[PDB]
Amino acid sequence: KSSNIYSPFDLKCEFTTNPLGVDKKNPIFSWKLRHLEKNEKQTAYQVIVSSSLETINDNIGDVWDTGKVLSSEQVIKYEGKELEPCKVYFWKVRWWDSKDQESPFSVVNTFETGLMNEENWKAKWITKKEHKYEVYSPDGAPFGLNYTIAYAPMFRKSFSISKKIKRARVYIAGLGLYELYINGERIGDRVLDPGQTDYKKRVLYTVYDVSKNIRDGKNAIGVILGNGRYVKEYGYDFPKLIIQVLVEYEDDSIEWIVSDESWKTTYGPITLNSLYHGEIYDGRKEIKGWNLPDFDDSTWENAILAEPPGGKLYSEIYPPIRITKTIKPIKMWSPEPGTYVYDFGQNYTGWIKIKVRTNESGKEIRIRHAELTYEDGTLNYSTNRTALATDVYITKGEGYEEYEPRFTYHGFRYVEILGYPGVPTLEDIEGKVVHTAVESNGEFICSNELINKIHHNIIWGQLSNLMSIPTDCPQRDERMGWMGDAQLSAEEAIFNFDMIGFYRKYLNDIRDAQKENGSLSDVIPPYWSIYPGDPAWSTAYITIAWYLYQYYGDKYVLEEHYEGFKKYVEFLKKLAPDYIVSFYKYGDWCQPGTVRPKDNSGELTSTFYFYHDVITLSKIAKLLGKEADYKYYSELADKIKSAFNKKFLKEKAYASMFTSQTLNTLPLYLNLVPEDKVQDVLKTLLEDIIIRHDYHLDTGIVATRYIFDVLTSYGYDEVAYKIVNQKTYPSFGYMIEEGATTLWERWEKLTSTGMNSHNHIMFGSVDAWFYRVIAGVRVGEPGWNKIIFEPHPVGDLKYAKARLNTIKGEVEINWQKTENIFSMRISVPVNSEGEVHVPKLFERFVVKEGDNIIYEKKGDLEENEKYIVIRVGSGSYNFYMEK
């Protein structure tokens, strides 16, 4: 009817295409837009939700009909009829462009509700009664802990089907890990399910579609339990199981099979299983045919009732852990007879798959994993520390067998195999990359190859540390959800991967661990109880939440956790009666040549985050309309600045020779420096960088996240580029020159036990600088409502590009620098505006919008003596600054 010929596309419920198991009573709906014309923006939308396909195809609001909603937002909270469990809903949406031209309806999408807030689960928790375990107590555990490793119980139940099915659903929560089978076939496309949470406060169950798996006559289901994080050392019990199998027939009748004492159970091939120490698979004790209809279900002991884990059973929509890739080894050698070592060329996470040909039964094959190597060619397991990280497979002798671990994962680059039946090849080993299967959100490429290698190392390091929770390292006896490392690298992960579903689940984990006084643990989930938290660590609650609103435009996650923000800031106010939080544990963690900060900056870093937490909370309060809370925090923020400067500002620099880089970038980032002192404080920072350190970082994980932006904001991007381009200690290039395929925990090359891990993510915040400064695409208004295209062609850079897939669509920036022409090509999606910042690198120039000249003299466009400002709408544009 109109010129608005394109309906909304990529419709997401809970930020997922057609989600299965929506437990949120008010889920989040989103969509992207596309128009034929430029400078287009949504002015109105209307979403219809119905209860049937025939019903939705009549443009009627069976359970929701917003009507023409006059709003430019494309991320909405559900406000329709109260949703009901196990029901499938349908929804389309229309949008009105900038000229009120109505668009056709979108393609009918679908979201299915799960059990919906424990709506009479009927099924009960089942377990074995014997439960054989082993108590491993190695010398040197982190806090002196022990490891109680139980076995792997299997659970079987048979049911019969006669009338033909319409649909089938399965709602399982196997603690701590599980694998589901129906009539012999594996069900899930995920591994290491469910996600790690505080099982005493919440247990995330998974729902599967097992319709085309039901068969006719006799049926069988199979569940094998792994330990994972549900272990006695963290305050949990032995593995338990709950599961209910909804089955719907074509006659609109329902029956289902629940977990009870009628279930049989036994021990199978898997003995001990642990995330830190690996898994043992004895093929001789493998019950052949255990999960198929016609099977002697007797001779097994019956399951018993379990004490529930205590947590509410919820179903969050977030990316699960999957086998994301299969890599093949590149090199193999033998440092000792019978020992064969593989090199994958990259430090990654997961496990391996081995192919064996033995015919003889009972032969043991031991698979060890490590991050580093020794000069003699043997593996260095030092970075793994007390984590055994070895898998053992005992062959059956069937001429050809394959094995992959199912209840563990390791972080490694090399693999040692002892006991192989002969000489193995590069085909008999298959590496499985295992982590949270996040989608790719952005690309980045540079003219500098060292920067590309650093960017390549951070991408693998971040994915290596995404196991349903943001971890610090993935290789040793830790892998905890440290709040500080997750906060400093949150901006990088958002730029590289789709993280809104991941962070929404993690933000709940922080909410589930917040104490009554507002305290937070340094690791979340609090398997290790560290209360209270460091301010530089506990800031991850408000920071990650603010990131979700800044880069996705999700103001609802700000209201959902607002009371938690007010409670934590209240706790920080308790530690700061006179405004200087003297309490700190880590501070600027791991400065060059140290673990604890050498500049005694912990109290400055702590007060830095006290002002940070109060300022952004007052910014959130003003957004939600809380004028009283806004003014209050705004006033309190002023108290801090003034108290921060009274205690730390010393004539020409900050202190407590006598001033470090960390001591100066932090007040310059949040702009706590008085205007009469910024030029002198900034100079102390530059002289410490250029003169005292010769363009080298002297900062830990906290200040490294801010130092590059501080120099860029004050017109010193050349100094920041010279820091990045360093190949000597201490720098990111020094890691690459020493053979790092990921990022190190420490600047120094350390290959022994102790904090020497080679796959950390806390220092990965520099990848955000590559996108926002080197490439030059940053958020101007939340949700990418305004985009700032400000490239920084520094050093000997010739080209750079960042292409992002945001919540509004595709965002792209490209620039080329020659002696005469500076090219620039940007792309702005519909319902967004662009603000180009063409840098004036020439005394006289032209500036051409394609073939159209748009700047002959001063005054043709906006400028600020450093840039040329161009404001555009949606579409692709090419700008040419010549001469």
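Numbers for residues come from their place in the sequence shown, where the first is 1.
- In the deposited sequence, the stretch from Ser656 to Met657 hides 10 or more residues that have no coordinates.
- Two stretches are in play, 715-723 and 132-140, and the higher mean C-alpha B-factor belongs to 132-140.
- In this entry, the higher average B-factor at the C-alpha atoms falls on 117-125, of the pair 117-125 and 67-75.
- In the PDB entry, the Cα temperature factor peaks, among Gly764, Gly188, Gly278, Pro592, at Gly188.
- Taking only the listed residues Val415, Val392, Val773, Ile287, the entry reports the highest CA temperature factor at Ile287.
- Ranked within its chain, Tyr45 lands in the middle third, by CA B factor from the PDB record.
- Sorting the modelled residues of the chain by their CA temperature factor places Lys817 in the highest third.
- Placement of the Cα temperature factor of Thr17 within the chain: lowest third of the modelled residues, per the deposited record.
- Among the modelled residues of the chain, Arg825 sits in the middle third by CA temperature factor in this PDB entry.
- Split the chain's modelled residues into thirds by C-alpha temperature factor. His837 is in the middle one.
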